[PDB]
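As C-alpha cells, the structure follows; a few thoughts come after it.
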Amino acid sequence: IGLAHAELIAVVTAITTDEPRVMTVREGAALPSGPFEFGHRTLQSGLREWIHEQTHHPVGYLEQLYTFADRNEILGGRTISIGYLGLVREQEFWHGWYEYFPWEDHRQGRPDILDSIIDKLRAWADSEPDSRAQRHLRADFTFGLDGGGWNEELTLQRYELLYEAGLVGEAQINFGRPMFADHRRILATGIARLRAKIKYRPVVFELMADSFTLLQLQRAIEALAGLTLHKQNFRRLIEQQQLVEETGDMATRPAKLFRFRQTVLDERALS
Amino acid sequence: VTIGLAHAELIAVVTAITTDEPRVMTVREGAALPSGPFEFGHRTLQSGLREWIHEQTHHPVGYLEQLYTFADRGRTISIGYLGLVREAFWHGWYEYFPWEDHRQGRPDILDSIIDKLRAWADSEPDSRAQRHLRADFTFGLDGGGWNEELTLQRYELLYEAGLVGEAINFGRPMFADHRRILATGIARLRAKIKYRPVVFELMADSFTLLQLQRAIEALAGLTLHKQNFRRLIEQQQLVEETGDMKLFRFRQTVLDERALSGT
C-alpha cells in the first residue's frame with residue numbers, strides 16, 4: 001500500500017543574448033528527466049545522473065522545486081513528478097522560456113497573445129453560471145480578466161488555470177509550444193521560483209560570467225522576470241543585499257565590472 | 001517495461017501559537033508528526049494528507065502548502081506539508097529544537113553543541129577547514145552570527161556529525177526523520193515572516209500590534225526591535241485598523257490572495 005513511482009525532472013536555465021533559455025532533450029519537446037531508482041543515494045543525485053546521460057552538460061547547484069501527483073492500477077502505485085531548478089552558463093537543445101510561455105514576457109509591453117487568451121478564458125468562465133464568479137476571480141488574479149494587475153510570480157497558477165480551462169494542448173485549443181507529459185507545468189514552477197528569488201535576493205552568479213557590468217546584470221534579471229526593471233530600485237536592492245563588488249577592471253561607454261561576493265558563493269555552497 | 005516503486009509518505013507540520021510558544025501537532029505522545037501513505041483513492045497529495053490529519057487528530061486544518069520532498073537515508077519518499085491553524089498541540093517546536101529559541105538570549109545548550117561540533121570538526125585534519133566553515137555558518141562555531149532561517153541546515157549538520165539520536169543527542173527525538181520535516185517547516189515559516197508575514201491563520205480575528213510581534217518573535221525564535229517590526233507591517237500593507245480597542249486585522253486582499261494561490 002502507498003507505493004509510488006517517482007520521476008525526476010530538471011529545469012536548467014541559462015541566459016543567452018538577453019533571453020532566458022531552458023535545457024531540453026527530444027529536440028525541445030521535453031525537459032531532461034528520469035526515474036528515481038533504488039541505487040540513487042538522494043533524489044538530487046539521481047537527477048544529476050539523468051542530466052549527465054541525456055545532455056552531458058555540466059550543472060552547478062540544484063534546488064528542489066515542487067512535487068506533483070497524477071490524477072493506473074496496473075502501475076502498482078501512483079506516479080509523482082519531482083522538479084528541480086538549476087542555473088548554468090550555456091556551453092557548446094537550448095530553447096527559450098517564452099517559446100513555451102509566450103504570455104509571460106512583458107518586457108516590450110503586454111503581448112498580443114493575451115487578448116486571445118483572455119477571450120477564451122472569459123467564455124470558459126461564463127460557460128457555467130454556478131461557477132462564473134468563482135472562475136472570474138481566479139482568471140482576474142492570474143491573468144487580469146476583470147482588470148487586475150499583472151503579477152509575474154503567478155506563472156504556475158496561470159498555466160494550471162489554462163490546463164483546467166482546456167486552453168493548453170496538454171489538457172487535450174493551445175497557447176504556447178507544448179511539451180511531453182507534464183513538463184510545461186514543471187517549467188512554470190521553475191520560472192515562478194526564479195522570479196520570487198530575484199525579487200527579494202537575486203543570487204544568480206551561476207547565470208553570469210565571472211565578472212559583469214551592472215547593465216548586464218539588469219538585462220539578465222529583466223529576462224527572467226519578463227519585465228523591465230526600475231534602474232534605481234534594482235541598484236539599491238543589489239547594494240542593500242551586499243551581493244556584488246567591483247573587481248577593479250573596466251569593460252567597453254566604459255563601465256565597471258562587478259562580481260558576486262565570495263560570501264554569497266560561500267553561503268550558497270553550504271545551503 | 002520495468003517501473004521502480006517506493007513507499008510514498010505524506011507528513012504534516014501543523015503549527016499553532018499558544019501562550020507565546022510555537023507548538024506543532026504531534027501523534028503518539030509527541031513522538032511523531034501526523035503521517036500516512038499516499039493511496040490510490042486520494043485525489044491529491046494534500047487531500048490524502050488531510051484525511052490522515054483528521055483520522056489521527058480530528059483537528060481542523062486550514063490552508064496547506066507543500067514543504068519539501070525527501071528520500072530516506074524499498075526506498076521511502078517523504079512529502080511534507082506546512083499548515084497554520086488556531087488551536088495534539090501539547091508539544092512546542094523547542095522541545096525538539098531547543099537550540100532554535102534565542103529570544104531569552106543565546107540558549108545554554110548551544111555551549112554543549114558547540115563543544116561537540118568543534119571536536120567533530122577537528123577529528124579529520126583535511127576537512128577541518130570546511131567543517132569549521134559549515135559549523136560557523138550554521139551554528140557560529142568560529143564566532144559567526146546567528147541566522148534563524150538555517151534550522152534545516154543546522155539539523156542536518158548535527159545528523160551528519162552524529163549529534164542527534166536519529167543518526168549523543170540534543171532535543172527530543174522523533175520517529176524516522178520527522179525532525180528533518182519539522183526543521184524544514186520551521187525554516188519555511190521563518191523565511192515567510194521575514195519578507196512578508198502572512199500569519200492570519202495563527203492570529204485572532206482581532207489583535208493588537210504588540211500581540212502580533214510576540215507571535216512573530218515566537219516563530220523566529222528571536223526578539224525583534226519594535227520600531228523596525230512595525231515599519232515592515234506598514235510597508236507590506238498587510239494590516240488595517242478595526243476601530244475597536246489599537247486592535248488590528250489582516251486585510252481582505254491578503255486573505256483572498258492566499259485563497260487563490262493554492263498549495
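Just so we're on the same page: first chain in the C-alpha cells is A, next is B, and so on; residues restart at 1 for each chain, and ligands are numbered from 1 in the order they show up.
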
Listing only residues of chain A within 6 Å of chain B, what is the closest atom pair and its distance in Å (to one decimal) for each, using only C-alpha atoms, sorted by chain and residue number ascending, as a Markdown table?
```
| residue | atom | partner | partner_atom | distance |
| --- | --- | --- | --- | --- |
| A:2 | CA | B:37 | CA | 4.6 |
| A:3 | CA | B:7 | CA | 4.7 |
| A:4 | CA | B:5 | CA | 5.4 |
| A:5 | CA | B:5 | CA | 4.8 |
| A:42 | CA | B:71 | CA | 6.0 |
```

What lies within 8 Å of range 139-141 of chain B using only C-alpha atoms, ignoring chain neighbours under 4 positions off, as an MDAnalysis selection string? chainID B and resid 114 117:118 132 135 145:146 154

Which value, in Å to one decimal, gives the distance between CA of residue 186 in chain B and CA of residue 25 in chain B? 12.9 Å

Separation of CA of residue 66 in chain A and CA of residue 28 in chain B, in Å? 29.0 Å

Write down as a ChimeraX atom specification the residues of range 181-252 of chain B whose backbone DSSP state falls under alpha helix (DSSP H). /B:181-195,209-220,226-236,252

Please produce a file of the residues just selected, as a short mmCIF file (atom, residue, chain, number, x, y, z; two decimals), in the first residue's frame, where the atoms kept are N, CA, C and O atoms.
```cif
data_model
loop_
_atom_site.label_atom_id
_atom_site.label_comp_id
_atom_site.auth_asym_id
_atom_site.auth_seq_id
_atom_site.Cartn_x
_atom_site.Cartn_y
_atom_site.Cartn_z
N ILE B 181 11.67 16.93 8.88
CA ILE B 181 10.50 17.57 8.29
C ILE B 181 10.09 18.79 9.11
O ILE B 181 9.76 19.85 8.55
N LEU B 182 10.09 18.67 10.44
CA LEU B 182 9.75 19.82 11.28
C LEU B 182 10.77 20.94 11.10
O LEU B 182 10.39 22.12 11.05
N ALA B 183 12.05 20.60 10.99
CA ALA B 183 13.07 21.62 10.74
C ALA B 183 12.79 22.36 9.44
O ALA B 183 12.93 23.59 9.37
N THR B 184 12.38 21.63 8.40
CA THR B 184 12.02 22.25 7.13
C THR B 184 10.82 23.17 7.29
O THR B 184 10.78 24.26 6.70
N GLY B 185 9.83 22.76 8.08
CA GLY B 185 8.67 23.60 8.30
C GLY B 185 9.00 24.85 9.10
O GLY B 185 8.49 25.93 8.82
N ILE B 186 9.85 24.70 10.12
CA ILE B 186 10.27 25.86 10.91
C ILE B 186 11.02 26.85 10.03
O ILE B 186 10.82 28.07 10.13
N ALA B 187 11.89 26.35 9.15
CA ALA B 187 12.65 27.23 8.27
C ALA B 187 11.75 27.92 7.26
O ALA B 187 11.97 29.09 6.92
N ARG B 188 10.73 27.22 6.75
CA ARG B 188 9.80 27.83 5.81
C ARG B 188 9.05 28.99 6.45
O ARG B 188 8.92 30.07 5.85
N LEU B 189 8.57 28.80 7.68
CA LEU B 189 7.82 29.85 8.36
C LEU B 189 8.70 31.05 8.68
O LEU B 189 8.26 32.20 8.56
N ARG B 190 9.94 30.80 9.11
CA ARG B 190 10.83 31.91 9.45
C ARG B 190 11.25 32.68 8.21
O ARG B 190 11.53 33.88 8.29
N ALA B 191 11.32 32.01 7.05
CA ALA B 191 11.56 32.74 5.81
C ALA B 191 10.33 33.55 5.40
O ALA B 191 10.47 34.61 4.79
N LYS B 192 9.14 33.06 5.72
CA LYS B 192 7.91 33.73 5.30
C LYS B 192 7.68 35.01 6.11
O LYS B 192 7.33 36.05 5.54
N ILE B 193 7.87 34.94 7.43
CA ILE B 193 7.62 36.10 8.27
C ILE B 193 8.68 37.18 8.07
O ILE B 193 8.42 38.35 8.37
N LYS B 194 9.86 36.82 7.58
CA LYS B 194 10.92 37.80 7.39
C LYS B 194 10.59 38.76 6.24
O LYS B 194 10.73 39.98 6.38
N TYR B 195 10.14 38.22 5.11
CA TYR B 195 9.86 39.04 3.94
C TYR B 195 8.43 39.59 3.94
O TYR B 195 8.24 40.80 3.80
N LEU B 209 -1.02 45.39 18.04
CA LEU B 209 0.26 45.35 17.33
C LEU B 209 1.37 44.74 18.18
O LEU B 209 2.37 44.29 17.62
N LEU B 210 1.21 44.70 19.50
CA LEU B 210 2.19 44.03 20.35
C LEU B 210 1.98 42.52 20.35
O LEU B 210 2.95 41.76 20.36
N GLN B 211 0.72 42.08 20.34
CA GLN B 211 0.44 40.65 20.22
C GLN B 211 0.99 40.09 18.91
O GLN B 211 1.39 38.93 18.86
N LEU B 212 1.00 40.91 17.86
CA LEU B 212 1.50 40.44 16.57
C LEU B 212 2.99 40.17 16.61
O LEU B 212 3.47 39.23 15.95
N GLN B 213 3.75 40.95 17.38
CA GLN B 213 5.20 40.76 17.43
C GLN B 213 5.57 39.55 18.27
O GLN B 213 6.40 38.73 17.85
N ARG B 214 4.98 39.42 19.46
CA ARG B 214 5.29 38.27 20.31
C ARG B 214 4.98 36.95 19.62
O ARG B 214 5.62 35.94 19.91
N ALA B 215 4.01 36.94 18.70
CA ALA B 215 3.78 35.76 17.88
C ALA B 215 4.91 35.59 16.87
O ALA B 215 5.50 34.51 16.75
N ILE B 216 5.23 36.65 16.13
CA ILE B 216 6.34 36.60 15.18
C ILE B 216 7.65 36.28 15.91
O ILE B 216 8.49 35.53 15.40
N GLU B 217 7.83 36.84 17.11
CA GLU B 217 9.02 36.54 17.89
C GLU B 217 9.07 35.07 18.28
O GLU B 217 10.15 34.46 18.31
N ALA B 218 7.92 34.47 18.58
CA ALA B 218 7.89 33.05 18.93
C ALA B 218 8.29 32.19 17.74
O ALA B 218 9.01 31.20 17.90
N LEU B 219 7.83 32.55 16.54
CA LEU B 219 8.18 31.79 15.34
C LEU B 219 9.66 31.94 15.01
O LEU B 219 10.36 30.94 14.78
N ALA B 220 10.16 33.18 14.99
CA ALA B 220 11.55 33.42 14.63
C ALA B 220 12.52 32.92 15.68
O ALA B 220 13.71 32.75 15.37
N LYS B 226 11.06 46.94 18.10
CA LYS B 226 9.66 47.32 17.95
C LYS B 226 9.45 48.24 16.75
O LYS B 226 8.58 47.98 15.91
N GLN B 227 10.25 49.30 16.65
CA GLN B 227 10.06 50.27 15.57
C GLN B 227 10.31 49.63 14.20
O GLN B 227 9.61 49.92 13.23
N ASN B 228 11.32 48.76 14.11
CA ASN B 228 11.61 48.10 12.84
C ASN B 228 10.55 47.06 12.49
O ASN B 228 10.28 46.83 11.30
N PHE B 229 9.96 46.42 13.49
CA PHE B 229 8.91 45.43 13.23
C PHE B 229 7.68 46.09 12.61
O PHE B 229 7.11 45.58 11.65
N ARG B 230 7.27 47.24 13.16
CA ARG B 230 6.06 47.89 12.67
C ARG B 230 6.27 48.46 11.27
O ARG B 230 5.37 48.39 10.43
N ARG B 231 7.47 49.00 11.00
CA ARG B 231 7.75 49.53 9.67
C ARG B 231 7.59 48.46 8.59
O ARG B 231 7.16 48.75 7.47
N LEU B 232 7.95 47.21 8.91
CA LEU B 232 7.74 46.12 7.97
C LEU B 232 6.26 45.92 7.68
O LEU B 232 5.87 45.65 6.54
N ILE B 233 5.42 46.06 8.71
CA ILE B 233 3.98 45.89 8.51
C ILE B 233 3.37 47.10 7.82
O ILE B 233 2.42 46.97 7.04
N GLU B 234 3.90 48.31 8.09
CA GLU B 234 3.44 49.48 7.36
C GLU B 234 3.79 49.38 5.88
O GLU B 234 3.05 49.88 5.03
N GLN B 235 4.92 48.74 5.56
CA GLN B 235 5.40 48.69 4.18
C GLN B 235 4.62 47.67 3.35
O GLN B 235 4.10 47.99 2.28
N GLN B 236 4.55 46.42 3.83
CA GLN B 236 3.95 45.34 3.05
C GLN B 236 2.44 45.48 2.89
O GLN B 236 1.85 44.73 2.11
N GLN B 252 -8.49 42.14 3.72
CA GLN B 252 -9.19 41.13 2.94
C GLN B 252 -8.41 40.74 1.69
O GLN B 252 -8.53 39.60 1.22
#
```

When you look at residue 63 in chain B with a cut-off of 8 Å (counting only C-alpha atoms), what residues show up, excluding the ones that are within fewer than 6 positions of it in the same chain? I need them as a VMD selection string. chain B and resid 83 to 84 263

Tell me which protein, DNA and RNA residues are within 10 Å of residue 171 in chain A, counting only C-alpha atoms, leaving out same-chain ones fewer than 4 positions away, and put them as a ChimeraX atom specification. /A:160,162-167,182

Skip residue 81 in chain A itself and residues of its chain fewer than 3 positions away, then list as a VMD selection string all residues within 8 Å of it, counting only C-alpha atoms. chain A and resid 6 to 9 67 to 69

Using C-alpha atoms, can you export the residues from the last selection as a compact mmCIF listing (two decimals), in the first residue's frame?
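Generated file (again_18.txt):
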```txt
# COMPACT_ATOMS: atom_id res chain seq x y z
CA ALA A 6 8.92 8.92 -8.88
CA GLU A 7 10.22 10.77 -11.93
CA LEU A 8 12.91 13.44 -11.51
CA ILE A 9 12.64 16.42 -13.85
CA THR A 67 6.26 17.57 -6.16
CA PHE A 68 3.23 16.87 -8.36
CA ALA A 69 0.92 13.84 -8.32
```

Near-residue 245 in chain A list (10 Å; only C-alpha atoms; drop same-chain fewer than 6 positions) as a PyMOL selection string: chain A and resi 211+238-239+257-262

Would you mind exporting N, CA and C atoms of the selected residues as a JSON list (two decimals), in the first residue's frame?
```
[["chain", "number", "residue", "atom", "x", "y", "z"],
["A", 211, "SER", "N", 32.86, 37.98, -14.20],
["A", 211, "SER", "CA", 32.68, 39.40, -13.98],
["A", 211, "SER", "C", 31.68, 39.93, -15.00],
["A", 238, "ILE", "N", 20.43, 45.56, -4.96],
["A", 238, "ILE", "CA", 21.73, 44.89, -5.04],
["A", 238, "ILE", "C", 22.67, 45.40, -3.96],
["A", 239, "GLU", "N", 22.68, 46.72, -3.74],
["A", 239, "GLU", "CA", 23.57, 47.29, -2.73],
["A", 239, "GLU", "C", 23.09, 46.97, -1.32],
["A", 257, "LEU", "N", 33.32, 46.58, -13.95],
["A", 257, "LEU", "CA", 32.96, 45.17, -13.87],
["A", 257, "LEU", "C", 32.70, 44.79, -12.42],
["A", 258, "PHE", "N", 31.68, 43.95, -12.22],
["A", 258, "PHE", "CA", 31.28, 43.50, -10.90],
["A", 258, "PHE", "C", 31.31, 41.98, -10.85],
["A", 259, "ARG", "N", 31.45, 41.47, -9.63],
["A", 259, "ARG", "CA", 31.35, 40.04, -9.36],
["A", 259, "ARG", "C", 30.51, 39.86, -8.10],
["A", 260, "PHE", "N", 29.87, 38.70, -7.99],
["A", 260, "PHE", "CA", 29.19, 38.37, -6.75],
["A", 260, "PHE", "C", 30.22, 38.08, -5.67],
["A", 261, "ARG", "N", 29.92, 38.49, -4.44],
["A", 261, "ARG", "CA", 30.89, 38.39, -3.37],
["A", 261, "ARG", "C", 31.15, 36.94, -2.99],
["A", 262, "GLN", "N", 32.34, 36.69, -2.44],
["A", 262, "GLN", "CA", 32.70, 35.33, -2.04],
["A", 262, "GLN", "C", 31.76, 34.80, -0.96]]
```

So which bits of range 59-248 of chain B end up strand (DSSP E) when you DSSP the backbone, as a PDB file with C-alpha atoms, in the first residue's frame?
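Result went into result16.pdb, see below:
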```
ATOM      1  CA  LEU B  64      -1.704  23.742   3.463  1.00  0.00           C
ATOM      2  CA  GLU B  65       1.457  24.447   1.484  1.00  0.00           C
ATOM      3  CA  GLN B  66       3.915  21.849   0.243  1.00  0.00           C
ATOM      4  CA  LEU B  67       7.215  21.867   2.123  1.00  0.00           C
ATOM      5  CA  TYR B  68       9.874  19.541   0.743  1.00  0.00           C
ATOM      6  CA  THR B  69      10.286  16.030  -0.647  1.00  0.00           C
ATOM      7  CA  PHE B  70      12.904  13.764   0.946  1.00  0.00           C
ATOM      8  CA  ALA B  71      14.281  10.361   0.065  1.00  0.00           C
ATOM      9  CA  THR B  76      10.745   5.810   1.124  1.00  0.00           C
ATOM     10  CA  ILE B  77       9.786   9.201  -0.323  1.00  0.00           C
ATOM     11  CA  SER B  78       8.519  11.673   2.281  1.00  0.00           C
ATOM     12  CA  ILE B  79       6.447  14.695   1.229  1.00  0.00           C
ATOM     13  CA  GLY B  80       5.914  17.282   3.956  1.00  0.00           C
ATOM     14  CA  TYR B  81       3.234  19.958   4.170  1.00  0.00           C
ATOM     15  CA  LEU B  82       3.014  23.048   6.360  1.00  0.00           C
ATOM     16  CA  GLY B  83      -0.200  24.253   7.960  1.00  0.00           C
ATOM     17  CA  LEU B  84      -1.125  27.182  10.214  1.00  0.00           C
ATOM     18  CA  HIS B  91       4.483  19.898  22.358  1.00  0.00           C
ATOM     19  CA  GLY B  92       6.309  23.020  21.239  1.00  0.00           C
ATOM     20  CA  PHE B 207      -5.245  41.614  17.786  1.00  0.00           C
ATOM     21  CA  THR B 208      -3.032  44.432  18.988  1.00  0.00           C
ATOM     22  CA  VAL B 239      -2.748  45.102   8.370  1.00  0.00           C
ATOM     23  CA  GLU B 240      -5.562  47.584   8.955  1.00  0.00           C
ATOM     24  CA  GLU B 241      -7.277  49.067  11.987  1.00  0.00           C
ATOM     25  CA  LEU B 247      -6.843  46.481  17.633  1.00  0.00           C
ATOM     26  CA  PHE B 248      -5.741  45.387  14.166  1.00  0.00           C
TER      27      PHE B 248
END
```

Of the residues A:89, A:26, A:106, A:158, which is the one nearest to residue 121 in chain A, using only C-alpha atoms?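 Using only C-alpha atoms, residue 121 in chain A sits closest to A:158.
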
Taking 2 positions as the minimum chain separation for residues in the same chain, which residues sit within 7 Å of range 226-232 of chain A when counting only C-alpha atoms? Answer as a PyMOL selection string. chain A and resi 104-107+222-224+234-236

Using N, CA, C and O atoms, can you write the selected residues to a file as an mmCIF file, in the first residue's frame?
```
data_model
loop_
_atom_site.group_PDB
_atom_site.id
_atom_site.type_symbol
_atom_site.label_atom_id
_atom_site.label_comp_id
_atom_site.auth_asym_id
_atom_site.auth_seq_id
_atom_site.Cartn_x
_atom_site.Cartn_y
_atom_site.Cartn_z
ATOM 1 N N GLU A 104 4.209 35.151 -20.848
ATOM 2 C CA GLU A 104 4.935 35.506 -19.635
ATOM 3 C C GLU A 104 5.978 36.596 -19.849
ATOM 4 O O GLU A 104 6.583 37.049 -18.870
ATOM 5 N N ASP A 105 6.209 37.024 -21.089
ATOM 6 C CA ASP A 105 7.196 38.055 -21.397
ATOM 7 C C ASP A 105 6.468 39.364 -21.689
ATOM 8 O O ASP A 105 5.804 39.497 -22.722
ATOM 9 N N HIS A 106 6.592 40.326 -20.774
ATOM 10 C CA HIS A 106 6.008 41.654 -20.931
ATOM 11 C C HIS A 106 7.084 42.734 -21.020
ATOM 12 O O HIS A 106 6.831 43.896 -20.693
ATOM 13 N N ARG A 107 8.290 42.361 -21.460
ATOM 14 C CA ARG A 107 9.399 43.313 -21.492
ATOM 15 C C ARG A 107 9.124 44.453 -22.463
ATOM 16 O O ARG A 107 9.409 45.618 -22.162
ATOM 17 N N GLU A 222 15.918 41.180 -15.981
ATOM 18 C CA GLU A 222 14.742 41.532 -16.772
ATOM 19 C C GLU A 222 14.282 40.363 -17.631
ATOM 20 O O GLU A 222 13.077 40.142 -17.796
ATOM 21 N N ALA A 223 15.230 39.608 -18.191
ATOM 22 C CA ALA A 223 14.868 38.440 -18.985
ATOM 23 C C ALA A 223 14.155 37.398 -18.134
ATOM 24 O O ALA A 223 13.171 36.791 -18.575
ATOM 25 N N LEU A 224 14.627 37.187 -16.904
ATOM 26 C CA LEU A 224 13.988 36.218 -16.021
ATOM 27 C C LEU A 224 12.611 36.694 -15.577
ATOM 28 O O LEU A 224 11.649 35.916 -15.570
ATOM 29 N N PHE A 234 16.471 48.658 -8.574
ATOM 30 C CA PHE A 234 17.294 47.467 -8.764
ATOM 31 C C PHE A 234 18.677 47.656 -8.152
ATOM 32 O O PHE A 234 19.152 46.811 -7.384
ATOM 33 N N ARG A 235 19.335 48.775 -8.472
ATOM 34 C CA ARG A 235 20.677 49.023 -7.953
ATOM 35 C C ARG A 235 20.681 49.207 -6.440
ATOM 36 O O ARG A 235 21.685 48.898 -5.787
ATOM 37 N N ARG A 236 19.585 49.708 -5.863
ATOM 38 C CA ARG A 236 19.518 49.821 -4.409
ATOM 39 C C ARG A 236 19.322 48.456 -3.760
ATOM 40 O O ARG A 236 19.900 48.178 -2.703
#
```

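With distances restricted to only C-alpha atoms, A:88 is the closest residue to residue 60 in chain A from A:214, A:88, A:220, A:168.
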